[PDB]
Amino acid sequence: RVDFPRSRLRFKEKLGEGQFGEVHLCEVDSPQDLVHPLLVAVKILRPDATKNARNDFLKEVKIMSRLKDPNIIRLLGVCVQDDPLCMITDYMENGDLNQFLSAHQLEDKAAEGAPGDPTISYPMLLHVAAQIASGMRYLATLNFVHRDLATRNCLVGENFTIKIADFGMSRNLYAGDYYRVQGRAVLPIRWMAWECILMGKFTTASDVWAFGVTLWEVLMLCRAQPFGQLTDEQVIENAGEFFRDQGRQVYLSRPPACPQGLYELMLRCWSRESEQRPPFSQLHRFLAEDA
C-alpha cells in the first residue's frame, strides 16, 4: 500500500529530538488532492540510525496503525519505501499536556477562554480528563494496554483537544519519572499499580490505576510529582504494603481542585483488587456528565 507522497511535506520547525530521530512540524499544501494548508507532525529516522532503531521504528508504525480514535494519536501516513523512514501524525499545537498545564493557573471563570490564556477553569480540567478517559476507553475495547499513561505522554491541540500518545521513557526532561535498573525494563513506578511493580505485568486494570494518577496530575495542574516527598524505594515498598493488605499502604492526597466525590472515584482506581477498579467507560461518564 503506497507511501504518503514524501514531496508534499514542507518542513517548517524542529519540534524535538532523540538519539535516533527528530520530530518536525510540516505543512501540506492542497490536502484536498490527498485521497489552505494542513499542519502535520512528522518523525523522521536520522540517517545514522542503527539497525535496531530502524526495526523499532517499523514496529512503532505497525502498532500505531491499529489506533483510530479522536483522543488517540493518529497515524496519518508513512514514507518507508525509501529513506529516511518517515511517520506522519496530527500536529498538536499546544505541546505535551504536562508542560501545558504547568504553565496555567486555576481560575473560577465562566469564560472558556483560549489554551494560550494564563488561566484554566475547573470545568476545562474535567474536559481534559474526560478526553483522556475516552481515549483509554477505546484502547480498552481493543485490549490494547498502553503501559505508560501519564500527562507527559498526552498532547494538547486547538480548543483544548487532547490526544494520548507514547514518547518512550528516554527523554531527559522526564528522567525523574522512571526507575532504571541494569538488565531490567525501565519502570514509571509512581504511576504503576502494585501488581505491576511486584510482578511486571500490565493490564487494562493497571492502565486504570495510571489514569487515576494522571487525573491526580491534571487536578494538581502538574505542579508536583506523584509521591514527590517519597523516594523511589519507598514507592516500591508501598507496593509491598498493598500486597500485604494490612492497611498501611498510602495513597496520593486529594488535590485542592479536586472535590471529594471525584477523589473517591480516584481512590477506586487505586483499589488493591484489580477487578474493583472502575472501567474506563464509567470513568469517562463521570467526568463527562457528573462534574
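Sequential numbering from 1, following the sequence displayed. Rigid core: the largest C-alpha set superposing within 1.5 Å between the two forms.
Engineer: Taking C-alpha RMS after core alignment, which stretch differs more from the shown form in 9 other deposited structures of this protein: 88 to 96, or 148 to 156?
Structural biologist: This comes out as 88 to 96, the stretch further from the shown form in 9 other deposited structures of this protein.
Engineer: After fitting on the rigid core, pick out whichever of 38 to 46 or 252 to 260 shows the bigger RMS C-alpha deviation in 9 other deposited structures of this protein.
Structural biologist: Higher average C-alpha offset in 9 other deposited structures of this protein goes to 38 to 46.
Engineer: Using the PDB record, quantify the missing residues of the deposited sequence between residue 35 and residue 36 as none, 1 to 3, 4 to 9, or 10 or more.
Structural biologist: 10 or more residues lack coordinates between residue 35 and residue 36.
Engineer: Using only C-alpha atoms and the B-factors in the entry, which stretch averages higher, 279 to 287 or 8 to 16?
Structural biologist: That would be 8 to 16.
Engineer: Averaging C-alpha B-factors over each stretch, which comes out higher, 103 to 111 or 86 to 94?
Structural biologist: Mean C-alpha B-factor is greater for 103 to 111.
Engineer: Going by the entry, which of 69, 48, 56, 237 has the most elevated CA B factor?
Structural biologist: That would be 48, according to the entry.
Engineer: Could you check 255, 228, 261, 31 and tell me which one carries the biggest Cα B-factor in the deposited entry?
Structural biologist: Across 255, 228, 261, 31, the entry lists the biggest C-alpha B-factor for 31.
Engineer: Sort the modelled residues of this chain by their C-alpha B factor and say whether residue 147 lands in the lowest, middle or highest third.
Structural biologist: For residue 147, the deposited C-alpha B-factor lands in the lowest third.
Engineer: When the deposited Cα B-factors of this chain's modelled residues are ordered and cut into thirds, is residue 81 in the lowest, the middle or the highest one?
Structural biologist: Residue 81: CA B-factor falls in the highest third of its chain.
Engineer: Consider only the C-alpha atoms of the modelled residues in this chain, order them by B-factor as the entry records it, and name the third containing residue 184: lowest, middle or highest.
Structural biologist: Answer is middle: the recorded C-alpha B-factor places it there.
Engineer: Per the entry's values, where does residue 137 land by CA temperature factor relative to the rest of its chain, in the lowest, middle or highest third?
Structural biologist: It belongs to the middle third of the chain when residues are ordered by C-alpha B-factor.
Engineer: Ordered by C-alpha B-factor within the chain, which third holds residue 127? Give me lowest, middle or highest, please.
Structural biologist: Ranked within chain, residue 127 CA B lands in the lowest tercile.
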